[PDB]
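Peer 1: Provided herewith is a single structure, encoded as structure tokens, for subsequent inquiry.
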Amino acid sequence: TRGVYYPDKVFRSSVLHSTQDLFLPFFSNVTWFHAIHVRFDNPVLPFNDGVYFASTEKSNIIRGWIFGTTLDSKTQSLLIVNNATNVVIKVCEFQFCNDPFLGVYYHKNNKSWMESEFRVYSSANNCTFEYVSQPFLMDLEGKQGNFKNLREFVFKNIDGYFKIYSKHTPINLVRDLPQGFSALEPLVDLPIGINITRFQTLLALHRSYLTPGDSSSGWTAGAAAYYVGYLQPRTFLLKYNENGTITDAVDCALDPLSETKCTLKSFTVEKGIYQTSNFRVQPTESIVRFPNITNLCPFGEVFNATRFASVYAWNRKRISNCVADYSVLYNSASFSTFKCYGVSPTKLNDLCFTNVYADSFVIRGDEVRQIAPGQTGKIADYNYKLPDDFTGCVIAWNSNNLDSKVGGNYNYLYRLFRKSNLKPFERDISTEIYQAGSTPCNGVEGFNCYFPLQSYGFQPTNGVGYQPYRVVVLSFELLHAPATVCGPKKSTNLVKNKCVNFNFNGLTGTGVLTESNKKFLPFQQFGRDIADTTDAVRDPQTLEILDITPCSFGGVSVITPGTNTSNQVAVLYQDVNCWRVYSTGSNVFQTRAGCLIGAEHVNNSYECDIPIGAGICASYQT
Amino acid sequence: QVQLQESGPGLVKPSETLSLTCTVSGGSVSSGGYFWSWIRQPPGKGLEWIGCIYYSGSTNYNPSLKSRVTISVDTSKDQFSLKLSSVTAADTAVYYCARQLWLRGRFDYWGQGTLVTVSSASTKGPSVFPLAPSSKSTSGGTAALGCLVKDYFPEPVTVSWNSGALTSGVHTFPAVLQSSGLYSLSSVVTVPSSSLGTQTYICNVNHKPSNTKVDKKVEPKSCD
Amino acid sequence: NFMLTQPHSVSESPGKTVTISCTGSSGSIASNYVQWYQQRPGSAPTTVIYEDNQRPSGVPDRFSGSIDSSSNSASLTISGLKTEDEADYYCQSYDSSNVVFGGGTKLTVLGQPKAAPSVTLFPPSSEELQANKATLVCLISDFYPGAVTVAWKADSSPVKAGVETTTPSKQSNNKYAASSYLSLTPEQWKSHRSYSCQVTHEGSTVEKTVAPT
Amino acid sequence: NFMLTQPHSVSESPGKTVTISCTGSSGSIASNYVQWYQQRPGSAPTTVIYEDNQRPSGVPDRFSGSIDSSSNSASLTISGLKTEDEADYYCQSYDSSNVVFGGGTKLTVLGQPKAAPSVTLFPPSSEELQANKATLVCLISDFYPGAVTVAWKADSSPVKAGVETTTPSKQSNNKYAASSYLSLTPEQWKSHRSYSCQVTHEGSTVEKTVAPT
Ligand SMILES: *[C@@H]1O[C@H](CO)[C@@H](O)[C@H](O)[C@H]1NC(C)=O
């Protein structure tokens, strides 16, 4: 119920939206650090994905933190120090000391505090980003009472963007971390653009006349404490109210009680049987794998050929063994038709095809509108028919500088007459004279006997509807075969035995990557089981077969006797014969429907209130 | 997600230069190869498309408004702007900036509609006039009071009651054209008559183009 | 020279279907796709139907679209109308180095009972006496329908010069609000004995008067 | 706003029917009337069909017409085409006390001897010598395909600056005529030894040369 912030800037009101971001796990075993004069503990904590800094302040002890990789003037590091005058944020190669501290001196003659020692960094060589805030005055006084202010900070380092969420909440607890819920909001975004893996807290050092000795021993430590958390990426539900502030949150990985709210998308859970998931690990990284034939596809020649074939004989070229960069295809701003049936041009950079076929011919303006799947005319019926389930689209543009000469260009011949309707993706080259009446037409060209091929009149001053338009037809095929032609997307490294969502040759799913000993035929690419789910992956970058282990595989039934009624729930495992369970718990009972934990068993026989299965009934009693 | 927020003055003199800067936050202008464009619409009329840009310097313009637009991309500030020259009186319109997922695709994400008006008059400060309630200003067991905004131009003022603490019964009347050029509106609230001389109702009037923030209190009318 | 033509205003009764047609002028409509937008007043337009009939997330299933190359028109069909469907509708297509739009089809749909026209006035207080201005404000709120006539009345003759009024606008509680302002000089405001704003609503004229005190 | 839309150019083979459609933008086409006009180039337009079904005296019976109010479009059907039918076509209307015309449909109608491209040249005579100008004229006549590849070849290098040419135009004897002019200073014309105008016609280049004498 702590560390919850706004993961997006989109305003939501009375809508529960599931988020997958770096969030603080519920009831985590966070580390506790204490600094009591009576313990100046300033360790270096690892920065895996994010650290939630929980600390309560009563005398302005904690000032800032040091962020970097090595902190030895060898890599780029981020400095955050909150002095008594201004706030200094710099990105330089600082040489940080072993135990950095800020020294504040106190005078017996006059009750005033003034920082005197600044021992944080030795020197800075090269600086990239520097931030200076407005000046302000802080009293920097010591309090003999209990804690008053609590400061919460969330650190995130994604794609070089440093987002810090802070919130001030007044508390009166002495030592224990306060409970309840808080909402955190961004205040500034820092484009540091560096890799940070280690960090250390920077406190304030107080000196006065009550601590005799040298500089290294003559000092006292203020009464302060802080806690260090970890941001594990887990799915969460956040309750966005009408004011835009999150008043409560729902976990999906702490307990089966929490995950029941996650599946139902509601904060209140009534009585019933719910199936959320088995023992489930939230995904942390993401992987994409595509074939690595980094070769440009040759459609730049088909779109720029020196000459184009006729309509009755359209040249078709197979495109394969290359990556198809469609960014130079739908962004040319020089074509005239891009109605793409089925798939969308925005998804052409993601999908993978078995092979790409590119037809080509030249057509007039009036017949460029009738090359859709369901259409009729003298072209779609006799010359070029697309299937009703056609994938891909035609591309046409004006051809007046080329293929347009005075006196008429009669080189092309379209099929004006034909005996029957044309089958889809069929090319007809036949010059036999078509007859109409019962008179024989054995090669004659008399009455009721016309040449099936009619020439075209292409003049530079002809009408726009009769201008010759160069038409190229891209067709995509999806067959049970490895995809030799894919989008220009790259491929990351391959991970194993970890619940990681994957992107294999255009197929996206979440699971655990495990080695498979099954022998896979070269014709097939994907393996499907009886349940019709993905089981085998070819992985064309390495050409090895991996078995997809589901992250959740067993059946879990959560016996929840309401939310306000009781906070105790029972977990029933269907595939477990009482381990791969959420928790061991107590009162483990094995029934015919499976293994039930968290619920007691009695030898009596009462009325069935909450059925379990196979005659087993459970109820909430005293 | 990503969103677009417009900026720039809404008061332009005719036959002058227009400067609107659409800033995109939550994303990258150069990354993705997305087409940024501008769309305008006269009040009560249809939408008009101005021009489109790429992440490079390639620009496309509407033939009707050619030789008057110059859009540029500032990748360092992650924004794309527009430059209109020789602005006419018919150019008063709501201007939009919209990302395109595809060159001939949908304008999927839009920015908020900014008002740009072509007028020779300069921005003038508003006059906040309190409306003192009296015995003749009450109709029944409830009383009405408000603040009158007069002699202001051109963008409507944001009127709030007690720094937004009072919202029930607040009726912000739309502004109308005055006798000579200027505009005037009002924002009143209906309250019980027993809370006239006990609760102090203070109106907050803020004028964006004139940068004027006048805080005026409302008191019951006293006979003099 | 490509432009899109659609009817200026098409209205229909709730519960039935309505067809909005967008027709190209010169070029074909079967190329470079089409896009449909709905612009709520005082807000940016939002995409409703893109591509042939594709629909983005957040749009109800009632919005159906189809194309017709033979008629050279694009059709958007709405079934099961609602109050929230009352907005301007636009059709958008692409041409050579330019994007075209339409005139904008204004769809209108459609309970509301009669309301008593409460009248409030405010005489010019002492703040404007030193500013050499005097404004009398007439308040007309909670009335039905939005058609009232404001007639300022002085002690001697009705006032018409310097009279400005606000057109009725929708209120929060399913009603209408309006206002009227009378700009006067401070000298003529104190000279007249009293000022009354007579507003006639549904035949009845509710009048409240104020005096310079 | 009421505007009439028609196709920019519709062409068809002779001997078969052709349909020209004029479509209104917003208002209905059944209201008022539509008038069809045929404008021969270099002449005033003449009435062809008036009052949507009637033909004036002097117009052939081939010009038929019908009105489809459901499709909101007019029609003009021509059967049995001819060379004289090659002209611009327009549609008239009257809405909101305003006569509205159309963009203009250009109807082009779809054995010619191969004539020898005779070439004639004329040196600048003594009349322009005292006027400080010199113009060389190239004359091309009696050619079926357009002789536009005109090259002004001097004694040393071909001349391109100051070169103007005329587009081919119809002659009286079913042929084409063209011309080319070369404006030069008198010093430039006298300095060069000879001037020749090379015109490439159907592959062949017929060149006539002249010299300052
Ligand atoms: C064809 O050539 C032109 C000019 O060189 C070029 O702009 C265009 O991108 C080429 N087409 C393709 C598909 O690359």
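Within each chain, counting starts at residue 1; across the structure tokens, chains are named A, B, ... in the order shown, with ligands numbered 1 upward in that order.
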Could you list the protein, DNA and RNA residues that have any atom within 6 Å of ligand 1, counting only C-alpha atoms and all ligand atoms, and write them as a list in words?

Peer 2: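 Final answer, ordered by chain and number: residues 300, 303 and 304 of chain A.
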
Peer 1: Would you write out those residues with C-alpha atoms, as a short mmCIF file (atom, residue, chain, number, x, y, z; two decimals), in the first residue's frame?

Peer 2:
```cif
data_model
loop_
_atom_site.label_atom_id
_atom_site.label_comp_id
_atom_site.auth_asym_id
_atom_site.auth_seq_id
_atom_site.Cartn_x
_atom_site.Cartn_y
_atom_site.Cartn_z
CA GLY A 300 13.16 -0.99 -55.40
CA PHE A 303 8.99 -0.05 -58.67
CA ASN A 304 11.69 1.42 -60.95
#
```

Peer 1: For chain C, which residues have at least one atom within 8 Å of chain D, if we go by only C-alpha atoms? Write them as a PyMOL selection string, please.

Peer 2: chain C and resi 5-8+25-26

Peer 1: The selected residues should be written to file as an mmCIF file, in the first residue's frame (atoms: N, CA, C and O atoms).

Peer 2:
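Okay, this is what ended up in selection-v8.cif:
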```
data_model
loop_
_atom_site.group_PDB
_atom_site.id
_atom_site.type_symbol
_atom_site.label_atom_id
_atom_site.label_comp_id
_atom_site.auth_asym_id
_atom_site.auth_seq_id
_atom_site.Cartn_x
_atom_site.Cartn_y
_atom_site.Cartn_z
ATOM 1 N N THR C 5 -17.623 16.148 -50.485
ATOM 2 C CA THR C 5 -18.936 16.752 -50.306
ATOM 3 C C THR C 5 -19.795 15.861 -49.421
ATOM 4 O O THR C 5 -19.914 14.657 -49.671
ATOM 5 N N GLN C 6 -20.387 16.455 -48.389
ATOM 6 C CA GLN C 6 -21.310 15.782 -47.488
ATOM 7 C C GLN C 6 -22.455 16.731 -47.171
ATOM 8 O O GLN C 6 -22.300 17.953 -47.298
ATOM 9 N N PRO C 7 -23.624 16.204 -46.794
ATOM 10 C CA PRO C 7 -24.731 17.082 -46.393
ATOM 11 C C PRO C 7 -24.371 17.922 -45.175
ATOM 12 O O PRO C 7 -23.648 17.478 -44.279
ATOM 13 N N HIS C 8 -24.882 19.156 -45.157
ATOM 14 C CA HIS C 8 -24.529 20.096 -44.097
ATOM 15 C C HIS C 8 -25.137 19.705 -42.757
ATOM 16 O O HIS C 8 -24.496 19.884 -41.714
ATOM 17 N N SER C 25 -15.191 14.813 -55.258
ATOM 18 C CA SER C 25 -15.539 15.671 -56.386
ATOM 19 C C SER C 25 -15.016 15.111 -57.706
ATOM 20 O O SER C 25 -15.795 14.800 -58.612
ATOM 21 N N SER C 26 -13.695 14.976 -57.830
ATOM 22 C CA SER C 26 -13.067 14.590 -59.088
ATOM 23 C C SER C 26 -12.448 13.199 -59.026
ATOM 24 O O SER C 26 -12.762 12.345 -59.860
#
```

Peer 1: For chain C, which residue among A:294, A:370, A:383, A:149 is the nearest when counting only C-alpha atoms?

Peer 2: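 Nearest candidate to chain C out of A:294, A:370, A:383, A:149: A:370.
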
Peer 1: Identify every residue of chain A that has at least one atom within 7 Å of any atom of chain C, counting only C-alpha atoms, and report the result as a short mmCIF file (atom, residue, chain, number, x, y, z; two decimals) with C-alpha atoms, in the first residue's frame.

Peer 2:
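And here's result-v3.cif as it stands now:
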```cif
data_model
loop_
_atom_site.label_atom_id
_atom_site.label_comp_id
_atom_site.auth_asym_id
_atom_site.auth_seq_id
_atom_site.Cartn_x
_atom_site.Cartn_y
_atom_site.Cartn_z
CA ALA A 333 4.27 10.43 -51.26
CA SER A 334 4.24 9.81 -55.02
CA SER A 336 -2.05 7.06 -55.92
CA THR A 337 -3.58 3.92 -54.36
CA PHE A 338 -2.80 2.27 -51.01
CA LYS A 339 -6.09 0.63 -49.97
CA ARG A 369 -10.47 1.47 -59.14
#
```

Peer 1: Return the neighbours of chain C among the residues of chain B, cut-off 9 Å, counting only C-alpha atoms, as a ChimeraX atom specification.

Peer 2: /B:45-52,59-63,96,103-113,129-134,136-139,144-145,148,150,169-179,184-186,188,221-224

Peer 1: Can you check which residues of segment 6-213 of chain C DSSP gives as alpha helix (DSSP H) on the backbone and send them as a list in words?

Peer 2: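 Everything in segment 6-213 of chain C that counts as alpha helix (DSSP H) is residues 186, 187, 188, 189, 190 and 191 of chain C.
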